[PDB]
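Accompanying notes for the structure given below.
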Amino acid sequence: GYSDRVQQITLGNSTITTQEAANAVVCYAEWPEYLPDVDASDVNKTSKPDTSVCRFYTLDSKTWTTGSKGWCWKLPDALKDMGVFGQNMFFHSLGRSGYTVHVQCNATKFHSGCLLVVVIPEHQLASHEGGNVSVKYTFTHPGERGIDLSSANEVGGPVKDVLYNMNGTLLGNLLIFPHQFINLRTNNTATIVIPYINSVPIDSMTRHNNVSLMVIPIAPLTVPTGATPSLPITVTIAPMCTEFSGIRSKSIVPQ
Amino acid sequence: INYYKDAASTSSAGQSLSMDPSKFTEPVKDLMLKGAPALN
Amino acid sequence: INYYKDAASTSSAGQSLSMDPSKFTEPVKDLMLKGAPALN
Amino acid sequence: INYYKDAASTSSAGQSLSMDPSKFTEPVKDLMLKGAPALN
Amino acid sequence: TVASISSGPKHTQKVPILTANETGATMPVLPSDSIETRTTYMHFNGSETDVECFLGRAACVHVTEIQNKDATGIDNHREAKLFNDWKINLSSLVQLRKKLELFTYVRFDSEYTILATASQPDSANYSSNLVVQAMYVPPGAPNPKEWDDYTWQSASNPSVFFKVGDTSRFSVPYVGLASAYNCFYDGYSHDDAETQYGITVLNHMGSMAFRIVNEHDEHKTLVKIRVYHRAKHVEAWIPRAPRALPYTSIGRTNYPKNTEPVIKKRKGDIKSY
Amino acid sequence: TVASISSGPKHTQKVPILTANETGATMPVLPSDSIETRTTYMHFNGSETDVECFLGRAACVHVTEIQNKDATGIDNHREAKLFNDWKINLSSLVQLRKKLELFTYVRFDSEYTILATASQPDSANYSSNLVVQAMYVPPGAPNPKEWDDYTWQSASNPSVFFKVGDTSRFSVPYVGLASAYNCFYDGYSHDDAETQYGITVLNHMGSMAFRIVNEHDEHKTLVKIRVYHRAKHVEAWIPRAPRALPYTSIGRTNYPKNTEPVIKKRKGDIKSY
Amino acid sequence: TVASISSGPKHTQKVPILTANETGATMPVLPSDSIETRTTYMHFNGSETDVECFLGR
Amino acid sequence: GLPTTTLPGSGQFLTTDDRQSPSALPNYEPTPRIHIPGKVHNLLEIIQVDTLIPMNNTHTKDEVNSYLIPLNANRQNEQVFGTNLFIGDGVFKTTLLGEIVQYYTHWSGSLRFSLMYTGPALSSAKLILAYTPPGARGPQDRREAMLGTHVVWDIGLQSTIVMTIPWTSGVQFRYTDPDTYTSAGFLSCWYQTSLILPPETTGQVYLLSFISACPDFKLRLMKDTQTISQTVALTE
Amino acid sequence: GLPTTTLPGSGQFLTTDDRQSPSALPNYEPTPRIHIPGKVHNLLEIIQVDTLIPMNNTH
Amino acid sequence: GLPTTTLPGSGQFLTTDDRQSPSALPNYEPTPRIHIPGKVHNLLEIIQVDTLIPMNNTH
Ligand SMILES: COc1ccc(OCCCCCCn2ccnc2)c(Cl)c1
Ligand SMILES: COc1ccc(OCCCCCCn2ccnc2)c(Cl)c1
């Protein structure tokens with residue numbers, strides 16, 4: 008009586024149940040694991056807070072309306088302030104982590120709409136100015152708020168044009184990245200497990216984000232007659248196999 | 029025959045002949061069998 | 029000795045030394061023996 | 029393959045892979061053990 | 017290898033063509049799951065689509081130019097093209113970029129090939145024969161200041177001497193600080209409020225300095241340098257969506273404003289053929 | 017091997033020399049069936065009549081020309097021969113055509129050899145040394161528009177760089193969509209009422225683009241390109257009647273009107289020697 | 017080859033970090049004598065610092 | 001001294017060669033490789049992942065909406081969409097498949113075309129997808145369409161339908177740049193019965209459509225893509 | 001570096017040679033051969049088929 | 001006479017090569033080596049000897 012459909016994920020002191028899942032994706036078919044010695048470089052023993060950092064943090068909720076263009080969060084940024092995960096983050100020189108991402112959106116059998124939930128490794132954004140204008144730090148570190156693709160261009164911020172993925176590629180091809188759809192008629196959640204993907208064994212958690220999670224409405228939300236025209240979307244994310252190394256004074260970052 | 033000492037100096041590599049699209053085409057956690065229902 | 033990897037890059041082929049004109053000179057359905065009458 | 033008769037004409041030598049800094053880093057007459065007191 | 021097996025009529029409870037794309041998988045459906053097929057063999061290996069093959073041919077990565085002329089009274093050799101740099105790239109000439117940026121991370125040995133040809137746009141009695149010197153004055157390396165500085169001794173610094181009209185080839189292992197080169201980098205060099213963004217932070221590998229070794233003749237000679245790059249021993253990770261809009265800058269993803277629709281509009285209906 | 021066996025007088029009921037040609041056969045009659053012969057050996061193998069040998073020597077297949085000159089103010093490089101194409105053929109220069117068209121279907125590896133020589137028809141101080149670039153901008157491939165377009169980066173597209181006066185060689189497997197190249201094709205590309213006829217429909221393999229890499233000197237230089245083609249690994253099927261009338265077009269069988277009698281008229285009678 | 021071995025807390029009478037430089041020696045102290053380390057390998061031979069290489073171009 | 005002769009081609013530079021060259025900086029020493037998920041070995045590995053087709057191409061500036069094929073409730077017998085199958089051009093051209101095919105001159109193989117339905121769960125519909133092999137015109141009505149390769153799709157719990165365009169061809173390779181002789185057919189879709197919405201519901205519903213290549217597929221003779229060009233070198 | 005000497009004829013192009021040349025487009029992959037009746041191997045095979053002689057040349 | 005083809009790079013001088021070259025003065029005869037204390041093999045041997053740092057740079 009197991010269905011692909013019902014699932015339970017327990018991680019730390021927190022549990023999620025979905026009764027309307029559509030399997031789960033594990034990026035590149037690899038599950039998060041700690042850093043092996045053969046791959047290690049820094050000689051420091053690392054710190055593995057385990058259950059105090061590897062639990063589920065639910066970010067603040069978004070509201071899908073007929074005019075929504077899509078939202079974008081960066082990792083580990085989105086979690087920069089969650090509990091002890093965040094403290095560890097500002098206090099060590101280097102850290103490394105994988106995540107379980109669970110995006111939630113329920114409706115009824117009269118609604119229609121379909122969101123794309125995708126994880127993009129190394130999502131370098133484009134400046135809407137063109138040329139070689141850079142995208143300032145603050146703009147690519149929105150924190151739990153994430154970036155709202157239907158917000159206005161700002162100065163020093165990225166471009167927010169959806170048919171171009173914020174980088175000069177077409178929305179249609181985002182499907183080459185680990186992703187899952189939430190089609191109100193099928194699905195009510197999306198779950199993706201992200202292994203740590205980098206060109207170095209461990210890195211800085213503040214100067215470099217290693218994935219952007221993106222939720223994009225593709226088939227517009229259509230509510231039943233005289234229904235309220237909107238649904239909330241909630242994102243809950245859990246660091247998994249986290250390791251921190253090179254402890255010290257506590258980083259100070261712009262803004 | 030390599031005439032040179034360093035590995036960078038050798039010619040192109042030879043075909044992976046690796047080929048396994050499943051990391052890209054089927055990264056699902058619970059295995060899906062073709063023919064069985066997608067969602068049970 | 030081939031110095032190159034691809035087959036197109038090798039020199040000319042070597043003599044068929046095949047040679048069988050009968051597909052062209054005697055494509056008849058019932059075999060004709062020289063010396064026997066052509067039409068019986 | 030050396031094409032030439034004299035040794036000076038051969039290519040560069042190949043890595044010492046000798047490496048022993050102690051003549052420079054520890055030329056002391058009575059041996060010092062790390063962890064034991066420097067001056068007894 | 018069979019490309020298609022033989023398959024006949026079906027009347028089952030087992031439907032391989034109905035799936036749920038919401039899952040993120042592309043189910044491996046074949047012609048024989050939905051029509052009746054006959055056996056056929058592949059006759060093919062997929063040799064020429066190997067990434068080593070795809071990135072393994074020489075591509076032009078840079079065209080620069082230097083001239084041989086009397087430097088007498090020139091206050092700025094660099095500025096007179098008495099010599100000239102090239103901030104090592106591989107993302108300036110877009111033809112090989114799209115190719116490369118089809119991948120996130122990528123590791124490959126290298127084989128550089130430099131063609132140099134001369135031009136004599138104004139009245140010369142003859143064509144002189146110039147020798148070019150090409151050098152690697154990287155991060156810490158004294159940069160040439162004049163076309164005949166102590167720098168050009170380059171006794172610790174690699175440097176090539178070939179003739180204009182000829183070609184200079186050589187190869188290089190992966191000299192990238194990390195395990196792979198980042199084709200993309202969503203980071204900064206530090207948490208500064210105004211520091212630059214992209215990969216322009218990482219792609220650190222000094223520049224190439226070219227110069228003519230010859231002193232000047234009576235006429236002037238323009239020498240134009242073309243650098244070709246061939247990846248050998250390629251390794252690529254994490255495929256990405258291909259580049260759709262035009263490029264504007266080395267190292268940023270930025271596209272031009274008021275660009276044009278990249279998807280061709282139908283001449284007719286959705287229903288049109 | 018015997019070329020003739022010994023044979024003596026005959027008085028038989030078995031007549032090998034009477035046949036019925038209406039049958040379509042050529043009965044294998046020999047000297048020894050009708051005169052008295054002596055033994056003789058062949059001393060010969062028929063080596064130099066092998067089709068690999070017959071089609072295996074280089075033949076000139078194309079002569080084109082490009083010039084190096086100041087492109088300043090040229091509105092159409094292609095038109096100024098600042099660069100130039102060649103819609104890959106092998107049926108333009110008739111000497112190798114007749115040879116090839118002796119066969120219906122034919123399959124053979126290839127080995128191209130390009131000679132480039134320069135001419136300076138009007139007053140020059142000297143002969144410059146130019147490097148030619150030869151490229152394959154086939155079906156889908158961006159065609160060069162100027163002599164120095166992004167196209168010439170050719171980073172995925174094969175291209176040769178050699179010096180004028182020298183020669184550029186290389187070879188190529190059978191890049192023909194079907195199992196053999198059609199020397200003839202009695203069809204159309206589709207059942208259209210006005211579409212073209214011949215093999216001009218099939219022989220699709222883009223063109224070759226040549227250009228000089230050098231910028232301009234003070235004089236102008238004419239470079240004339242000759243492409244030679246040698247078939248290697250030849251396979252030929254279905255012999256046909258040799259070409260009798262002159263050719264008029266690449267890819268059609270058409271002969272010129274009011275052509276001249278191709279059979280030599282006797283100077284004398286049927287009875288004449 | 018290991019570049020660093022794994023080493024944990026220490027509370028000893030055996031102090032490798034106190035020395036007397038007046039002796040002329042450079043005592044071979046390592047990260048693992050004064051912090052807690054994890055194993056890591058060298059992955060490197062020191063090929064390009066050989067004097068033949070240094071004076072050989 | 002050993003006697004030699006140099007052949008035609010000496011000194012040429014062919015950008016498509018694979019010979020040895022000296023190492024500019026010897027005894028160097030690369031940085032070790034660490035493990036990174038996601039390694040690609042063949043472009044054939046990636047063109048089997050499906051991506052969305054902007055089928056609804058009828059707009060005037062690129063929009064998320066050209067990915068949506070609309071469906072109308074209560075229409076009978078009628079046609080949902082049509083397209084030829086020049087995978088190197090037109091709708092296909094910007095898709096990952098289209099985009100890679102363009103790096104090669106010839107392609108052969110089967111294509112997989114699937115449609116995922118996004119209408120309310122309490123609605124229902126039956127569509128027919130038809131592949132018309134080369135030689136006939138794009139079908140003009142379902143009767144015409146239904147006589148060629150087709151699948152009646154019944155919209156249900158299982159949200160997507162995967163249609164395969166089996167390789168139907170005389171010649172074993174086709175050109176990726178559109179060519180007549182070498183052309184591959186048409187793909188059309190019609191109401192089999194009709195879309196029906198539940199009460200309290202209204203308007204258009206959309207289908208998303210994907211394209212990917214079957215394991216069948218072959219691509220050969222690499223060349224340059226018409227999909228990217230430039231007028232001056234970029235700088236930093 | 002192995003010592004060599006080049007002979008007279010170096011650099012010439014003889015259209016009647018049979019040496020090796022690099023493959024412009026590597027790792028390519030030809031199309032398989034199918035069977036076709038009629039293969040010719042030697043011109044000696046075909047000159048044994050008889051054909052008509054315009055003997056009456058007098059026109 | 002063995003057929004050859006020369007590749008791109010022929011005739012170049014790369015100051016970072018390691019090939020053979022003839023001996024200008026053959027049958028010479030070097031002077032024997034005697035023993036000398038202090039041989040260095042790697043620069044890695046010497047950077048492990050400590051030296052003083054002008055830390056007080058303020059002059
Ligand atoms: C002329 O002699 C040289 C001696 C050594 C050299 O090394 C060059 C290393 C640069 C590799 C660049 C690869 N890359 C750069 C950015 N992405 C990929 C060079 Cl380029 C030239
Ligand atoms: C210059 O580099 C090249 C790289 C690849 C090339 O391939 C050419 C293939 C054309 C074969 C033509 C054979 N043919 C044409 C019609 N009948 C026979 C060519 Cl021609 C040149």
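Chains as they are written, first to last, in the authors' numbering: chain 2, 8 to 262; chain 4, 29 to 68; chain 4', 29 to 68; chain 4'', 29 to 68; chain 1, 17 to 289; chain 1', 17 to 289; chain 1'', 17 to 73; chain 3, 1 to 236; chain 3', 1 to 59; chain 3'', 1 to 59. A prime marks a further copy of an entry chain. Beta carbons are placed, not taken as given, at the ideal position from N, Cα and C, and that holds for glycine.
Near ligand 2: residue i beta-carbon under 7 Å from a heavy atom
| i | result |
| --- | --- |
| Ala-150 (chain 1') | yes |
| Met-224 (chain 1') | yes |
| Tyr-197 (chain 1') | yes |
| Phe-186 (chain 1') | yes |
Residue i CB to nearest heavy atom of ligand 1 below 7 Å
| i | result |
| --- | --- |
| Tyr-128 (chain 1) | yes |
| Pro-174 (chain 1) | yes |
| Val-191 (chain 1) | yes |
| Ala-24 (chain 3) | yes |
| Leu-106 (chain 1) | yes |
| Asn-219 (chain 1) | yes |
Contact list for residue i against chain 1, beta-carbon separation under 8 Å
| i | result |
| --- | --- |
| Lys-62 (chain 4) | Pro-32, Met-43, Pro-44, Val-45 and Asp-49 |
| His-232 (chain 1') | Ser-135 and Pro-137 |
Proximal chain 4' residues relative to residue i, where beta-carbon distance stays under 9 Å
| i | result |
| --- | --- |
| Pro-154 (chain 1') | Under the 9 Å cutoff, chain 4' gives no residues; its nearest Cβ is about 17 Å from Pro-154 (chain 1'). |
Interface residues of chain 1'' facing residue i [CB-CB closer than 8 Å]
| i | result |
| --- | --- |
| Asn-27 (chain 3) | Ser-63, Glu-64, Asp-66 and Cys-69 |
| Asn-42 (chain 3'') | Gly-62, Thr-65, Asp-66 and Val-67 |
Beta-carbon proximity of residue i to residue j, cut-off 8 Å
| i | j | result |
| --- | --- | --- |
| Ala-31 (chain 2) | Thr-232 (chain 2) | no |
| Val-110 (chain 1) | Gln-230 (chain 3) | yes |
| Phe-186 (chain 1) | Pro-22 (chain 3) | yes |
| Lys-39 (chain 3) | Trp-163 (chain 1) | no |
| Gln-102 (chain 3) | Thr-227 (chain 3) | yes |
| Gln-131 (chain 2) | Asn-172 (chain 2) | no |
| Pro-3 (chain 3') | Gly-1 (chain 3) | yes |
| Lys-240 (chain 1') | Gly-181 (chain 1) | no |
Residues that residue i contacts on chain 3, provided the C-beta gap is smaller than 9 Å
| i | result |
| --- | --- |
| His-27 (chain 1'') | Within chain 3, no residue comes near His-27 (chain 1''); the closest Cβ sits about 35 Å away, beyond 9 Å. |
Environment of residue i [buried if 16+ CB atoms lie within 10 Å]
| i | result |
| --- | --- |
| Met-43 (chain 1'') | buried |
| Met-224 (chain 1') | buried |
| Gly-62 (chain 1'') | buried |
| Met-221 (chain 2) | buried |
| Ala-41 (chain 4'') | exposed |
Proximal chain 1 residues relative to residue i, where beta-carbon distance stays under 9 Å
| i | result |
| --- | --- |
| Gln-158 (chain 3) | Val-31, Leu-34, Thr-35 and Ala-36 |
Interface partners of residue i on chain 3, CB under 8 Å
| i | result |
| --- | --- |
| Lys-33 (chain 4) | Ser-23 and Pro-26 |
Interface partners of residue i on chain 3'', CB under 7 Å
| i | result |
| --- | --- |
| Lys-51 (chain 4'') | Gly-38 |
Where residue i meets chain 2, residues with beta-carbon distance less than 7 Å
| i | result |
| --- | --- |
| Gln-111 (chain 1) | Here the premise fails: no neighbours, minimum Cβ distance about 16 Å. |
* Which runs of the alpha helix (DSSP H) spanning at least 4 residues fall entirely within the stretch 37 to 101 of chain 1', listed in chain order? -> 67 to 71
* To do: Let me know the beta strand (DSSP E) ranges lying completely inside the stretch 199 to 274 of chain 1, each 3 residues or longer, listed in chain order.
  => 224 to 228 and 237 to 255
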